[PDB]
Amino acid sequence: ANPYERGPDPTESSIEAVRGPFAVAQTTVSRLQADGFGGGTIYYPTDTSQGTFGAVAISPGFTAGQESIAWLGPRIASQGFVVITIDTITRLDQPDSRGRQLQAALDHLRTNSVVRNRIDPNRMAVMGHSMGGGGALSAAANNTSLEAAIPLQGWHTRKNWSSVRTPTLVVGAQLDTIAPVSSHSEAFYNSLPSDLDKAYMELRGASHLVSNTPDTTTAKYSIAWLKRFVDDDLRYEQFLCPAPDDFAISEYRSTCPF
């Protein structure tokens, strides 16, 4: 019935895995080949027999490069997504610009010879860390057809996200001193529409740097969110609704059921 479902029925184990059920490969987009962003690495499932996949673009924060978010690329792609980790046009680009560059990176995928025939360009999502997470929110606020947005310890001067229409998972780090949850993450959750499919997940005892090295909690709920909303995969609702019984989470709020 759902033509976008990919992979076997999930379990806690399967969404926690460093590599999911899809073998992955990668290809590089040079800065020269990139129109509207600074280049990137595309991670993709090598299996073409299950249909095309949704696409996800991921942005780093201020002065940072792909390497600060790279581990997310193959970890998410191996669950059945085409994922591009981007560099920005300059190191100093601000959040709204990072959002336009995330959208440019997603749109580049339909022109890339390696992956253009592996994607469904109508099912795309945005993620990012700190200013890159502010970029994810801006990208969603500037494209109401995006299927999902995931700011990781997002930073933005804009606190009012009432125009977002894209299901959004706001991942905060409890002890963040750079993008403190009280003035960034939680403020974003509060201003997103009250009837939008949305969640706030706070990582217990976590610093701002939690997304820059492998974090199983970040990965598993990012994967469940992308499944639920890029693929409309109801098999993953169980992991998102209601609050998970998870010691790694210090706080949770959502508009469940979705």
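Start at 1 and count along the sequence shown; that's the residue number.
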task: Between 128 to 136 and 106 to 114, name whichever shows the higher mean Cα B factor according to the PDB entry.
output: 106 to 114
field: Between 164 to 172 and 115 to 123 (mean CA B-factor, as deposited), the higher
entry: 115 to 123
- line: From the entry's CA B-factor values, the highest among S78, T157, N143, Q101 is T157
Residue with maximal Cα B-factor (values as given in the PDB entry) among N212, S207, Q66, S222: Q66
query: What third of its chain, lowest, middle or highest, does the C-alpha temperature factor of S59 fall into?
result: lowest
- request: Pull the Cα B-factor of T90 out of the PDB entry and bin it into the chain's lowest, middle or highest third.
  value: middle
message: Lowest, middle or highest third: which one holds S182 when the chain's residues are ordered by CA B-factor from the entry?
response: highest
- prompt: Is the Cα B-factor recorded for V29 in the lowest, middle or highest third of its chain?
  reply: highest
- prompt: Lowest, middle or highest third: where is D35 by Cα B-factor in its chain?
  reply: highest
